[PDB]
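Working notes for the structure below.
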Amino acid sequence: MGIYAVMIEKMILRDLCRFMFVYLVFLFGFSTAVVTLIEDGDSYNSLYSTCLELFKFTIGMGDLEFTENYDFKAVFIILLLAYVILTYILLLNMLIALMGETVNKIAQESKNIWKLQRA
Amino acid sequence: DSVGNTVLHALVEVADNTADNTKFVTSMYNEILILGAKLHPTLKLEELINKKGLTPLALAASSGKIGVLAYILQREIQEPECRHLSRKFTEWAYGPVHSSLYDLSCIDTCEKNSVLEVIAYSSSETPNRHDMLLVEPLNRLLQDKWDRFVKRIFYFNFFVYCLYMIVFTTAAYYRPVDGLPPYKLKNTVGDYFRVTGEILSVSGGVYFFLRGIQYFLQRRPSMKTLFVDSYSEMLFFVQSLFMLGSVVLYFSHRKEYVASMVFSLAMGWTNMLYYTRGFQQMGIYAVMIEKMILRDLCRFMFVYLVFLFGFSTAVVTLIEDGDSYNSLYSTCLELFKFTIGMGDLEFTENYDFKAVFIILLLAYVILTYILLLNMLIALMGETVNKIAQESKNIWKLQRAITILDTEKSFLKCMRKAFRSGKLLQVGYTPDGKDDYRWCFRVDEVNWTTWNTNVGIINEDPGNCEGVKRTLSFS
Amino acid sequence: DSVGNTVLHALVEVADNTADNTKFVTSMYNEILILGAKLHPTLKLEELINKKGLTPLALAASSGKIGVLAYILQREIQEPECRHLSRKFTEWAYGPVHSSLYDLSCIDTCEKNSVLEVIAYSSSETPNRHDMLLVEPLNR
Ligand SMILES: CCCCCCCC/C=C/CCCCCCCC(=O)O[C@@H](COC(=O)CCCCCCCCCCCCCCC)COP(=O)([O-])OCC[N+](C)(C)C
Ligand SMILES: COc1cc(CNC(=O)CCCC/C=C\C(C)C)ccc1O
Ligand code: NA
């Protein structure tokens with residue numbers, strides 16, 4: 564288990580401050596995109634509430650219809666679908682990169698780190 | 283010849299980076315220079331020009347002959363009377379240490395066909411663009427001029443581009459929601475700064491356009507496969523199109539300015555991802571994204587769209603009106641909602657024949673899970689063995705383009721860009737004159753070999769105020 | 283010297299964990315001790331102190347010189363008259379078996395600059411913090 568804790572210590576210092584800066588951009592981008600579009604007439630017009638929805642696609646709750654207060658549907662969908670896609674692109678490389686970069690050797694290093702971290 | 287290629291221009295060309303060639307060509311390339319020195323000691327064979335303009339080194343880097351490009355740069359001719367031709371000279375060598383002076387004459391952005399100008403801006407049809415820039419001098423050459431007088435200018439652009447989009451976003455989120463789009467400035471602190479936000483956005487959006495035009499149908503005139511290889515500069519150009527598209531509609535009294543603006547925004551923040559050409563460990567992660575969206579999306583989506591448009595169409599035919629999820633669109637969308645994590649399985653009871661309606665959806669979910677899986681498996685078994693190396697190598701190139709384009713933003717001055725080497729003398733000509741030549745320094749060490757190699761340039765070791773030359777066969 | 287490093291304090295420092303160095307330094311590090319034994323058999327060269335306080339072993343572990351740190355701990359000088367310097371002694375050896383006595387004088391938490399106090403608490407700038415603790419005695 565000590566091996567498994569040390570991993571967590573080595574993404575939260577090495578492999579989060581990269582990734583989140585990327586994911587926040589798409590989010591703050593494609594969220595901002597939607598907010599500009601939607602016009603008040627519920628009342629999911631705030632940037633906050635909108636940024637939160639596009640976080641809910643990630644975890645597994647995606648409305649795709651979270652407001653019909655939009656003008657111009659086809660814009661409103663292409664973004665969300667372009668957000669989901671790029672997000673799936675982007676959550677994937679968080680997996681690929683970690684493998685091809687270090688899976689060859691973490692079980693050795695992480696074990697070695699544990700013996701120090703016990704020491 | 284009819285093309286103007288000499289002996290040396292051919293030896294470069296005939297190679298194809300294999301071992302036997304590379305072992306071979308470098309040797310014959312050695313001798314003929316030694317002969318051309320001994321026979322006619324004025325002919326600068328490495329400075330003659332074929333009809334296309336390219337010198338041998340230029341041809342080597344252009345066509346992408348890595349093994350030859352190694353030799354031409356980090357040669358070392360110990361033989362006296364023909365030492366002027368060498369490049370990798372060794373100055374002070376205090377025992378295990380030895381400091382070397384990789385020459386720079388035709389590989390810095392001062393000459394016309396500098397290799398580094400060729401290697402980066404050339405087509406992707408040239409094999410081993412990347413591995414050339416991993417040769418010893420060129421690699422360290424860049425990272426230094428990154429660590430001086432580029433990293434500053436680069437981050438400065440990163441600052442400004444952020445300030446662009448924060449303003450652009452700010453114009454948007456406070457856009458007027460009223461009638462038609464000329465919008466007739468009303469007087470208020472907000473609206474004075476609102477229109478300011480508009481102008482700076484447009485006036486900056488057009489900047490990407492013009493600088494984009496400068497890239498496409500001007501310097502680096504690219505073709506269709508080259509447009510997509512040069513991925514970024516499209517996106518910053520495509521951004522300005524929507525933006526310069528938006529402004530048209532804003533004054534054409536048509537409401538659709540918002541649409542064009544929004545697409546422009548979304549790329550624009552997504553475009554800020556581009557300025558991780560600094561910041562190594564993230565630059566590797568951007569380049570991956572550039573290499574599925576060109577190589578591993580146009581495959582996959584064509585597959586996934588089929589199942590979707592198939593199994594969606596299947597459902598639509600079945601369901602009979604009697627809510628009203630009968631349109632193909634609304635149905636195709638539901639089967640997208642299984643993927644992300646919202647699946648009704650019951651999204652209409654307007655079906656006849658339940659058992660059909662379920663077997664499809666379950667057969668869609670399954671095959672989709674089959675299909676999202678192989679998107680993972682294939683990428684591993686195809687390339688996980690080596691992306692961390694390649695992607696890293698791509699980054700060093702993709703930084704190198706940024707460096708060179710930045711140097712050109714400095715017109716010709718080069719005053720802080722002649723790339724240290726300060727005309728260090730490294731010997732004498734083969735007639736008696738001095739041999740001042742630009743030379744990037746490199747410090748090294750070898751514990752097995754002890755560096756008694758002939759060619760020391762400086763008796764007293766080191767680098768300070770006061771240099772003193774050696775009896776290098778004066 | 284101006285820093286107080288002796289011959290041995292230098293041999294540690296000059297290495298960089300490569301093969302040729304490590305093959306090299308351990309050998310020269312061997313001889314000079316054999317000589318310093320044969321010439322002046324009281325000088326405890328491995329117990330002298332640079333101005334920063336660190337003994338050679340301390341410097342080795344500090345700067346993170348794994349190959350040197352191996353040798354200094356699990357040495358074995360078969361040569362008589364200079365056996366006192368060895369650490370990896372062998373007690374009872376009933377044929378294939380042999381029981382060894384890795385010395386501990388400067389690697390347990392009793393002295394000031396014990397390696398194990400240095401290796402763990404030192405900066406991450408010291409390369410191979412981890413691989414040092416995989417040497418034979420320190421691990422077990
Ligand atoms: C309004 C203004 C907007 C900002 C505009 C910025 C303007 C100017 C920008 C300024 C930034 C840097 C200033 C220089 C500081 C150091 C100098 C130096 O040594 O050079 C170093 C620069 O330093 C780095 O590389 C630091 C690592 C940055 C990681 C990316 C940003 C974090 C985003 C997190 C967001 C997530 C938030 C939380 C998520 C939940 C380079 O040396 P190195 O050896 O290459 O460093 C290796 C580190 N590396 C591997 C990471 C690359
Ligand atoms: C330029 O820097 C980079 C940018 C990107 C992201 N690519 C994109 O811009 C495409 C995705 C943006 C959304 C598209 C659809 C609109 C119409 C809503 C990847 C690598 C990079 O280096
Ligand atoms: Na899920």
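Residue numbers (the entry's author numbering), protein chains in the order written: chain P, 564 to 604, 627 to 704; chain S, 283 to 604, 627 to 778; chain U, 283 to 422.
Cβ atoms here follow ideal geometry from the backbone N, Cα and C, with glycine treated the same way.
Simplified DSSP assignment, three categories, for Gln702/S: When secondary structure is reduced to three states using DSSP, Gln702/S falls in the helix class.
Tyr446/S beta carbon near ligand 1 (any heavy atom closer than 7 Å): Of the heavy atoms belonging to ligand 1, none sits nearer than 7 Å to the Cβ of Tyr446/S.
Pair within 8 Å by beta-carbon distance, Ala301/S and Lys347/S: No, they are not a contact pair.
Exercise answer, beta-carbon shell around ligand 3 heavy atoms below 7 Å: Ordered by chain, the residues meeting the criterion of a beta-carbon within less than 7 Å of a non-hydrogen atom of ligand 3 are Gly645/P and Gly645/S.
Under 7 Å by beta carbon: chain P residues contacting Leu683/S: Those within 7 Å of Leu683/S in chain P are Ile681.
Contact list for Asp302/U against chain S, beta-carbon separation under 8 Å: Correct list: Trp751 and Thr752.
Cβ-heavy atom distance, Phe584/P to ligand 1, below 7 Å: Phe584/P: yes, Cβ under 7 Å from ligand 1.
Beta bridge counterpart(s) of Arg476/S as assigned by DSSP: DSSP output for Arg476/S lists no bridge partner at all.
Contact between the segment 649-656 of chain S and the segment 681-693 of chain S (3+ Cβ pairs under 8 Å): The segment 649-656 of chain S makes no contact with the segment 681-693 of chain S: fewer than 3 CB pairs, one atom from each, lie closer than 8 Å.
The alpha helix (DSSP H) enclosing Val397/U, as first and last residue numbers: From DSSP, the alpha helix (DSSP H) with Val397/U extends over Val397 to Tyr403.
DSSP three-state assignment for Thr372/U, whether helix, strand or coil: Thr372/U falls in the strand class under three-state DSSP.
Spatially closest choice to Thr733/S from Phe722/S, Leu708/S, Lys326/S and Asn469/S, by CA coordinates: Nearest C-alpha to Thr733/S: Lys326/S.
Heavy atom of ligand 1 within 7 Å of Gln425/S beta-carbon: No, since every heavy atom of ligand 1 falls outside the 7 Å radius drawn around the Cβ of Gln425/S.
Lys320/S versus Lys712/S - alpha carbon distance: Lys320/S and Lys712/S: Cα-Cα distance of roughly 40 Å.
CB contact below 8 Å: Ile691/P versus chain U: At a cut-off of 8 Å between C-beta atoms, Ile691/P does not count as an interface residue with respect to chain U.
Extent of the continuous alpha helix (DSSP H) run through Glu358/S: Unbroken run through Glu358/S: none, as it is neither H nor E.
Environment of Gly349/U [buried if 16+ CB atoms lie within 10 Å]: Around the beta carbon of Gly349/U, 16 or more other beta carbons lie within 10 angstroms, which makes this residue buried.
Endpoints, the alpha helix (DSSP H) within which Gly318/S is located: For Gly318/S, the uninterrupted alpha helix (DSSP H) segment begins and ends at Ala301 to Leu321.
DSSP three-state assignment for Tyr437/S, whether helix, strand or coil: If DSSP states are grouped into helix, strand and coil, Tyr437/S belongs with the helices.
Delimiting residues of the alpha helix (DSSP H) encompassing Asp413/S: It spans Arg411 to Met414 - the alpha helix (DSSP H) in which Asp413/S sits, taken as one unbroken run.
As assigned by DSSP and simplified to three states, the class of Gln693/P: Here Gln693/P sits in helix by DSSP.
Chain S contact residues for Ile674/P, given Cβ-Cβ distances below 8 Å: Those within 8 Å of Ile674/P in chain S are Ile571, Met574, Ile575 and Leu579.
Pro338/S beta carbon less than 8 Å from that of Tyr384/S: Not a contact, by the Cβ cut-off of 8 Å.
First through last residue of the beta strand (DSSP E) which encompasses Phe545/S: For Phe545/S, there is no enclosing beta strand (DSSP E); the enclosing alpha helix (DSSP H) covers residues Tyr539 to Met554.
Short Cβ contact (8 Å threshold) for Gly550/S with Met447/S: Yes. Within cutoff.
6 Å Cβ shell around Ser483/S - same chain, five flanking residues per side excluded: Taken in chain order, the residues that qualify are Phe450 and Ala453.
Supposed close pair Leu415/S, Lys700/S - CB separation, criterion 8 Å: For a cut-off of 8 Å, the C-beta gap from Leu415/S to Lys700/S is around 6 Å, short enough to register as a contact.
Option in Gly286/U, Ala352/U and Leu315/U with minimal Cα separation from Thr304/U: Residue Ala352/U is the option with its Cα nearest to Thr304/U.
The segment 491-499 of chain S touching the segment 563-576 of chain S, judged by at least three CB pairs closer than 8 Å: Output reads no: the segment 563-576 of chain S does not touch the segment 491-499 of chain S.
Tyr629/S beta carbon near ligand 2 (any heavy atom closer than 7 Å): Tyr629/S Cβ: outside cutoff for every heavy atom of ligand 2.
Those runs of the alpha helix (DSSP H) which lie wholly inside the segment 461-543 of chain S and span at least 4 residues: Within the segment 461-543 of chain S, the complete alpha helix (DSSP H) runs of at least 4 residues are 471-498, 506-511 and 513-533.
Own chain residues within Cβ distance below 8 Å of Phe371/S, not counting five before or after: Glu358, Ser382, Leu383, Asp385, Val730, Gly731, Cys743, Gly759 and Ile761, listed in sequence order.
Members of the segment 388-405 of chain U near chain P, C-beta cut-off 8 Å: Residues of the segment 388-405 of chain U that bring their beta carbon within less than 8 Å of a beta carbon in chain P comprise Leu398, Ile401 and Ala402, in sequence order.
Span separating the alpha-carbon of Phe431/S from that of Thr478/S: Rounded to whole angstroms, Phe431/S and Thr478/S show a C-alpha spacing of 32 Å.
Chain-ordered neighbours of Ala704/P on chain U, where CB pairs are closer than 8 Å: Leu398, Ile401, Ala402 and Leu415, listed in chain order.
Backbone CA spacing between residue 617/S and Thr595/P [nearest angstrom]: Between 604 and 627 the numbering of chain S has a gap, and residue 617/S falls inside it, with no coordinates.
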